Each structure stands twice: as structure tokens, then as C-alpha cells.
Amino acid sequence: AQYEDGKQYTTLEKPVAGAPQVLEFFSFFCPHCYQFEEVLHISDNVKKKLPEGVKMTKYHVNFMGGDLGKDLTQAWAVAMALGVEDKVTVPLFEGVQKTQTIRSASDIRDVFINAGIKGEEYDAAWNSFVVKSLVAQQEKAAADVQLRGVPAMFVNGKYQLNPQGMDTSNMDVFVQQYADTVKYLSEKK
């Protein structure tokens, strides 16, 4: 087969009912995740290959970066609640990995302020129970798939992407293979 269970993807031994159709996990501390988002633009290219209106979900994880890592999971919940992911993803990645200026929860807040989210609005969302619920959803989704590494992509709660053996000598060819593979997995019956 051109797509083989155990090679380009794995079938979860314990599938997850009700899971998002396309579910990515990342950490702003995760170096491959910086490449995936800032250089390869994996999420955007998967989106362009799936039908218009499929739900893609992207969650942050707690198991990298200790205290600040868990602060970033709560900040990502704020980003999802306010719908400002496209404004803060680059400065959060660069603040953690490029300039390394994000060292406290206040430094995270500064990134939102600089991106145009008013301090009053960020603070209200940060302390809101809507955000607490999104934090819980992120933790539960990770536990549902027994998540131990990032970046990770899961399709229909049933399949995990395995990019590790794919040819990465050409970054556009690799991104296309990745997206075509997600599309194939989404179409499995």
C-alpha cells in the first residue's frame, strides 16, 4: 500500500470517540514545533487540502517548560477564547525560542498587549471560567491519546501522523506529503 499502517501513520490501539477531526498538539518550547509553524506552516497547508469547513483544532501541552509551559497552555486558552491565535502565535514562538524574552506570565501578557489585545480584556479572559474550561479540554485531549511528544497530529481520534521517515530534503514536497496524508486519513471509512 502507498500509505501503510505503522509507517506514515499509526492506528491508535485505544481510539478516542468524539475527538476532533484534525487535532494537533504543540508547545511553544518545542523546537520542531517552531519549524512546523513558522517555516513549514503545516497547519495552514493541511487546512488548504481538507474540505472547506472541517474542524481543525490545535492545543498546547504542559509537559515542556515547567511552570511557564503551563502558563502558556492557559495563554493559548485565552488566544482560543478571544480568537486571536493568528496574532499571537508568531510572537509567542519567537519570545520563547528566538529572543527568549518570555520568562514570566507577565511577559506572555505583554505579547498579547503588543498584539492589540487590551489589558482589561486579556486579564478578564485569563481569569474566566470559559478559559478554565478550555484549559481542561486541552489537558483531556492530551490524556485521551496518552500524549508523550510534540509536534503531534491525530485524525478522527483514530490515526496518528508519522512524519519521521518522510523525505525532508525539500520542505515544500514534505509539507505536501504531510497534508496529502492527513487528507487520506480523513477520508478513511
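Residue numbers run from 1 along the displayed sequence.
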Output the stretch having the higher mean C-alpha B factor in the entry; the candidates are 111-119 and 95-103. 111-119
Read off the CA B-factors in the entry, average them over 46-54 and over 145-153, and name the higher stretch. 46-54
Mind checking which third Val61 falls in for C-alpha B-factor across the chain? lowest
CA B-factor placement of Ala19, once the chain's modelled residues are sorted into thirds: highest
Looking at the entry's B-factor column for C-alpha atoms only, identify whether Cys33 ranks in the lowest, middle or highest third of its chain. middle
For the chain shown, is the CA B-factor of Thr11 in the lowest, middle or highest third of its modelled residues? highest
In terms of its chain's C-alpha B-factors, the third that includes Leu40 is the middle
